[PDB]
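Let's start with one chain on its own, the form deposited in one PDB entry, as structure tokens.
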């Protein structure tokens, strides 16, 4: 689908009604697989961190580490289909802008590529932006071929604020997810028992970000 049709007919209505939006088959199989290939090359060539420290034992040979990450700008050698994904996410947001609540989105982070190594680690319940650091929208792309959570775990579970229910999102190949980054969407990743990849970017609201400058300390000489 053309970005604008997806934006006006799906992302804008879903985001304003539910604060969560899932688009399946975002880029198609060829491109999705190429992204899988590039992420796997990053992993295989040692570009990820070792992983979040999950269990600190007094013996460090038995430390457990979880999600591994690497920040990707999209123009690096071997990351160009990742850059293509980032640009397609941006096209969608650009065609939403002015219609996502009353936010005015004026930028985004680099891509955070995540690798859950499959050792029973997940990601604890959290809010992405709990303290007003400028990020208003979380965008995640999943590239896990034939993922079956009943077998491999790794569900993303969101707990929309105020609701007595949660939303389980499988990290399915070629799946695109949007949700409000703030306290309306606490979420977690349940333990993953197979290698699980995701690519996240966060979009900034202009006003909040302009205040996060001072809430986060920048100076100029006299």
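Numbering follows the first chain given and starts at 1. The term rigid core refers to the maximal set of C-alpha atoms that superpose within 1.5 Å between the two forms.
From this point on, the text means the form deposited in another entry, which you will not see here.
Of 194, 54, 69, 41, which one has a Cα that moves 2 Å or more between this form and the one not shown once the core is lined up?
Correct option: 54.
Core-aligned C-alpha movement of residue 163 between this form and the one not shown reaching 2 Å:
Yes, shifts by 2 Å or more.
Assuming the CA distance changes by 3 angstroms or more, are residue 194 and residue 56 closer together or farther apart in the other entry compared with the shown structure?
Distance between the C-alphas of residue 194 and residue 56: longer in the other entry, by 3 Å or more.
Flagged pair residue 55/residue 119: C-alpha distance shifts by 3 angstroms or more in the other entry. Which direction, closer or farther?
It is farther: the C-alpha separation of residue 55 and residue 119 rises by at least 3 Å in the other entry.
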